[PDB]
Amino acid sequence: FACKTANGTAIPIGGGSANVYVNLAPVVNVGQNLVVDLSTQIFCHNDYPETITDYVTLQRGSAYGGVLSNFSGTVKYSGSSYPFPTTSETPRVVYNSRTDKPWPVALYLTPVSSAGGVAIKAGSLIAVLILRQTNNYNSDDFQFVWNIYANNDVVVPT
């Protein structure tokens, strides 16, 4: 089991960490969602589907910088919504193919009432998402840590 980003940054068997740089809607009004859909940028696969089933959760999602200060967050994982920053490990998604499958994580971030102006700074860390991979074969319990960075400013109109 290993993962890679759209631009080809890899985290190999056994886990590790990588930086993910995301383009964000440049203007987001109060009452609207800023959507950060990581399923278009993070992909994983099973290296031995003939014998092994891989299990993958969002173990933890943390918010940083402007997202922590200026947004009210929800994370959608494989079709179900949970609070973000997260309060529990998600259910598992099964990985059972050698063909790359997206990691079905999307953040939905809506501005809090106090938010206004540059609510997310370009280049800033906005989230850390921990992918936890286990299997039905051995005791492997690996963390794939995704550090999410903003590519651009996000303005919340006032």
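We call the rigid core whatever largest set of C-alpha positions still superposes within 1.5 Å between the two forms. The first residue of the sequence shown is number 1, and the count goes up from there.
After a rigid core fit, does 141-149 or 6-14 show more C-alpha displacement in 9 other deposited structures of this protein?
This comes out as 6-14, the stretch further from the shown form in 9 other deposited structures of this protein.
Averaged over C-alpha atoms, is the B-factor higher for 103-111 or for 27-35 in this PDB entry?
It is 27-35 that shows the higher mean C-alpha B-factor.
Which wins on mean Cα temperature factor, 5-13 or 144-152?
5-13 has the higher mean C-alpha B-factor.
Quick one: which of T57, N70, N96, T51 shows the highest Cα temperature factor in the PDB entry?
The listed residue with the largest C-alpha B-factor is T51.
For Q133, the third of its chain into which the C-alpha B factor falls
For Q133, the deposited C-alpha B-factor lands in the lowest third.
Looking at the temperature factor on the CA atom of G61, which third of the chain's modelled residues does it land in?
As the PDB entry reports it, the C-alpha B-factor of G61 lands in the lowest third of its chain.
CA B-factor ranking of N46, expressed as a third of its chain:
Lowest third.
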